[PDB]
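The next block holds one structure in the form of structure tokens; read it before the comments.
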Amino acid sequence: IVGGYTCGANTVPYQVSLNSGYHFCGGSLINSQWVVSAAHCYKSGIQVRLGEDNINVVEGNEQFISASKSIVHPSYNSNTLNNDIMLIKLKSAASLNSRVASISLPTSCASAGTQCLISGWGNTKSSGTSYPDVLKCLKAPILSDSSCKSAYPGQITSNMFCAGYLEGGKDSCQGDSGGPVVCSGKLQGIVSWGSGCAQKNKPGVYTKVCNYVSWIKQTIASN
Ligand SMILES: *[B]([O])([O])[C]([C]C1=[C]C(C#N)=[C][C]=[C]1)[N]C(=O)[C]1[C][C][C]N1C(=O)[C]([N])[C]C1=[C][C]=[C][C]=[C]1
Ligand SMILES: [Ca+2]
């Protein structure tokens with residue numbers, strides 16, 4: 001996250017880190033046994049780390065659980081990033097508590113103007129590299145579809161939305177992928193892609209979660 005702030009330990013209780021020897025992607029806890037992430041985060045050998053703040057220090061609130069299966073969206077396109085969403089089933093159910101908690105799926109899509117919270121352990125520099133050990137947060141509004149499409153001509157589908165600031169300076173970045181955009185207590189977005197980080201007129205682009213609730217529900221019902 002660029003231009004954000006330090007969340008505070010365990011204040012974002014649905015945030016997970018995906019680890020394959022190191023943190024490589026974020027995700028969100030949707031129930032005691034299921035995580036949602038970006039399909040571009042797919043790989044084998046994923047351990048899901050919950051209850052994290054400092055990802056390099058065991059602080060006492062963590063649950064580390066192996067994934068038993070992952071399901072990439074049937075229509076994921078790796079070239080265009082259309083349908084950038086995947087589900088991961090944990091080997092065992094997490095123990096939910098004040099520091100580890102699920103986030104609710106949306107009943108409705110969120111509208112342009114809504115303020116949201118984006119979080120992750122990704123790079124914190126727009127040019128140059130510095131990866132935080134602790135969780136960073138950013139408040140950002142959802143941008144209009146028009147602003148989005150004009151920022152990225154020909155690249156925005158109905159399954160994507162832009163959030164951030166046209167002026168730049170604050171944005172998601174590398175390492176934040178898969179992570180949550182929460183608005184009014186509902187998971188509305190998944191960190192997906194961007195043209196660099198925090199550049200003017202190039203806001204981060206997010207998977208529109210409200211388009212997938214039926215797929216998610218259906219898939220968790222039979223897996
Ligand atoms: B995620 O992997 O950590 C990361 C998040 C992110 C990256 C950038 C940049 N630059 C800005 C905001 C968020 N996501 C990416 O690296 C995604 C996944 C693969 C490539 N990518 C992009 O952001 C690309 N820079 C742009 C892209 C757009 C359409 C098709 C392919 C790549
Ligand atoms: Ca670690």
Side-chain angles (χ1 to χ4, degrees), residues 1-4 9 15-28 36-43 45-66 72-73 75-86 116 118-138 140 142-143 148-149 151-166 168-181 189-208:
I1 309 284
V2 183
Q15 172 82 54
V16 329
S17 162
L18 309 181
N19 191 284
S20 52
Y22 48 89
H23 166 89
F24 70 93
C25 264
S28 296
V36 61
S37 191
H40 92 254
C41 292
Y42 162 86
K43 80 206 287 191
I46 301 174
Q47 180 190 70
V48 171
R49 306 194 157 208
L50 312 178
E52 287 276 27
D53 191 42
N54 201 307
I55 48 165
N56 273 327
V57 183
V58 179
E59 303 182 285
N61 286 302
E62 292 96 339
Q63 303 178 41
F64 299 161
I65 310 162
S66 284
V72 168
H73 194 271
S75 316
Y76 171 58
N77 182 335
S78 62
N79 285 331
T80 61
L81 290 193
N82 192 34
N83 300 295
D84 187 20
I85 188 174
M86 73 167 309
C116 308
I118 307 154
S119 52
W121 289 275
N123 190 25
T124 58
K125 301 295 155 295
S126 37
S127 320
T129 30
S130 171
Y131 290 84
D133 296 317
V134 295
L135 189 68
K136 302 294 191 167
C137 280
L138 173 68
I142 293 168
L143 270 354
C148 199
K149 274 172 182 48
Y152 294 101
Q155 300 154 75
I156 306 295
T157 70
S158 57
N159 299 313
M160 301 179 180
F161 74 80
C162 286
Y165 303 91
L166 288 202
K170 306 201 188 64
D171 215 340
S172 55
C173 206
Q174 304 300 130
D176 286 323
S177 279
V181 186
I190 295 167
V191 184
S192 185
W193 66 271
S195 198
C197 314
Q199 307 314 320
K200 71 298 309 131
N201 294 299
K202 291 289 173 172
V205 181
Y206 300 88
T207 307
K208 194 165 188 158

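When a residue number appears, it is its place in the shown sequence, counting from 1. Reckoned from all heavy atoms, side chains included, excluding hydrogens, waters and symmetry mates. Atoms within a ligand are numbered from 1 in the order they appear, just like the ligands themselves.
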Quiz item: Can you check whether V191 has an N/O within less than 3.5 Å of an N/O in ligand 1?
Solution: no

Quiz item: Are any of the N/O atoms in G194 less than 3.5 Å from those in ligand 1?
Solution: yes

Quiz item: Should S192 be listed as contacting ligand 1, given a heavy-atom distance under 4.0 Å as the test?
Solution: yes

Given that the side chain starts at C-beta and the backbone is N, CA, C, O, which of these parts of [X] lies under 4.0 Å from ligand 1, counting heavy atoms, or is it both or neither?
| X | answer |
| --- | --- |
| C173 | backbone |
| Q174 | both |
| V205 | neither |

Quiz prompt | Passing candidate, side-chain contact (heavy atoms from CB on, under 4.5 Å) with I156, options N82, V205, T80 | solution = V205

Quiz item: Would you say the side chains of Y42 and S37 form a donor-acceptor pair under 3.5 Å?
Solution: no

Exercise. Could you verify whether a donor N or O on one side chain and an acceptor N or O on the other, from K43 and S20, lie under 3.5 Å apart?
Key: yes

Quiz item: Can any side-chain N or O of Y152 pair as donor or acceptor with the backbone N or O of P203 at less than 3.5 Å?
Solution: yes

Quiz item: Just checking, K208 and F161: is the charged tip under 6.0 Å from the six-membered ring centre and within 45° of the axis?
Solution: no

Self-check item: Test item: protein heavy atom less than 4.0 Å from atom 11 (C) of ligand 1
Solution: yes

Quiz prompt | Nearest option to atom 14 (N) of ligand 1, as decided by whichever heavy atom of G120, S126, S177, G164 sits closest | solution = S177

